[PDB]
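Asker: Sharing a structure below in structure tokens format, with a few things to ask.
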Amino acid sequence: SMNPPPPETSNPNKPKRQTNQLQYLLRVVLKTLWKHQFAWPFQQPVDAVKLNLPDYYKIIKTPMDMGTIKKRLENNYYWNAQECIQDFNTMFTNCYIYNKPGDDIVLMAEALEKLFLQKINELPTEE
Ligand SMILES: Cc1noc(C)c1-c1cnc2[nH]ccc2c1
């Protein structure tokens, strides 16, 4: 089968900013999740071919992963923190949509999401 192109991480005509909230999303939020023992399945787009999941991109139409988020943050792709927060939430939601309750991958997403919520609870006010 075939994978779709990954989400874009570069777009020169999309307005961009570097804000203190976005810096926090990279330095604290992404870094915290990335190093977690359960991060690995989320560090790159789902390879539906290698995983033999031909229905994945039939069901998931807005794919997202932390590899993409990391690149977006490092390359200042975002205008605001809410855009990036939405990407994280999309990543988690996709996992819950595609998989079954209790599946290992769902337990992994839940652990990462718990940490995500802990960190964004202390998102700094905009400077
Ligand atoms: C399946 C599935 N649904 O969401 C995610 C993330 C996956 C997913 C992604 N990469 C993986 N690598 C090894 C297992 C594995 C599972």
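Residues in the structure tokens are numbered from 1 in each chain, the chains being A, B, ... in the order shown, and ligands are numbered from 1 in the order shown.
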For region 76-85 of chain A, find every residue with an atom within 7 Å (counting only C-alpha atoms), except residues of its own chain fewer than 2 positions away, and show them as an NGL selection string.

Answerer: :A and (9-10 or 15-18 or 21-22 or 72-74 or 87-89)

Asker: Mind writing the picked residues with C-alpha atoms as a tab-separated table (two decimals), in the first residue's frame?

Answerer:
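File written: part.tsv
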chain	number	residue	atom	x	y	z
A	9	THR	CA	6.41	21.63	8.51
A	10	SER	CA	7.37	24.52	6.23
A	15	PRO	CA	2.68	34.03	8.99
A	16	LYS	CA	4.85	32.93	11.93
A	17	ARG	CA	5.91	34.10	15.36
A	18	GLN	CA	8.25	33.20	18.16
A	21	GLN	CA	4.30	30.40	25.02
A	22	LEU	CA	5.62	28.67	21.89
A	72	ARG	CA	7.05	22.85	13.38
A	73	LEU	CA	8.32	24.25	16.68
A	74	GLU	CA	12.00	24.19	15.66
A	87	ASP	CA	-1.70	19.47	17.03
A	88	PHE	CA	-0.97	17.61	20.28
A	89	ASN	CA	-4.68	17.08	20.88

Asker: Could you build a table of the residues in chain A lying no more than 10 Å from ligand 1, giving for each the nearest pair of atoms and their separation in Å rounded to one decimal place, using only C-alpha atoms and all ligand atoms, ordered by chain and ascending residue number, as CSV?

Answerer:
residue,atom,partner,partner_atom_place_in_ligand_line,distance
A:39,CA,ligand 1,6 (C),9.1
A:40,CA,ligand 1,12 (N),7.2
A:41,CA,ligand 1,10 (N),3.9
A:42,CA,ligand 1,6 (C),5.0
A:43,CA,ligand 1,10 (N),8.2
A:44,CA,ligand 1,10 (N),7.5
A:45,CA,ligand 1,9 (C),7.3
A:46,CA,ligand 1,9 (C),4.8
A:47,CA,ligand 1,10 (N),6.8
A:48,CA,ligand 1,1 (C),8.0
A:50,CA,ligand 1,12 (N),8.8
A:51,CA,ligand 1,13 (C),6.9
A:52,CA,ligand 1,1 (C),9.3
A:53,CA,ligand 1,1 (C),7.4
A:56,CA,ligand 1,1 (C),7.7
A:60,CA,ligand 1,3 (N),9.5
A:63,CA,ligand 1,4 (O),9.5
A:64,CA,ligand 1,6 (C),8.9
A:65,CA,ligand 1,6 (C),7.4
A:66,CA,ligand 1,6 (C),9.6
A:91,CA,ligand 1,6 (C),7.7
A:92,CA,ligand 1,6 (C),8.2
A:93,CA,ligand 1,4 (O),9.3
A:94,CA,ligand 1,4 (O),6.8
A:95,CA,ligand 1,4 (O),4.3
A:96,CA,ligand 1,4 (O),7.8
A:97,CA,ligand 1,3 (N),8.6
A:98,CA,ligand 1,3 (N),6.1
A:99,CA,ligand 1,3 (N),6.1
A:100,CA,ligand 1,3 (N),9.6
A:103,CA,ligand 1,1 (C),9.5
A:104,CA,ligand 1,16 (C),8.8
A:105,CA,ligand 1,16 (C),6.1
A:106,CA,ligand 1,4 (O),7.8
A:108,CA,ligand 1,6 (C),8.9
A:109,CA,ligand 1,6 (C),7.7

Asker: DSSP on the backbone: which residues in chain A end up as alpha helix (DSSP H)? Give the answer as an MDAnalysis selection string.

Answerer: chainID A and resid 20:24 31:34 56:59 66:74 81:98 104:120

Asker: Can you tell me how far CA of residue 4 (chain A) sits from CA of residue 70 (chain A), in Å to one decimal?

Answerer: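 Between CA of residue 4 (chain A) and CA of residue 70 (chain A) the gap works out to 19.2 Å.
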
Asker: When you count only C-alpha atoms, which of these residues is closest to residue 58 (chain A): A:2, A:107, A:26, A:115?

Answerer: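 Closest residue, counting only C-alpha atoms: A:2.
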
Asker: Have a look at CA of residue 127 (chain A) and CA of residue 112 (chain A) and let me know their distance in Å, one decimal.

Answerer: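 Interatomic distance, CA of residue 127 (chain A) to CA of residue 112 (chain A): 27.5 Å.
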
Asker: One number please: CA of residue 69 (chain A) to CA of residue 23 (chain A), in Å, one decimal.

Answerer: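 For CA of residue 69 (chain A) relative to CA of residue 23 (chain A), the distance reads 12.7 Å.
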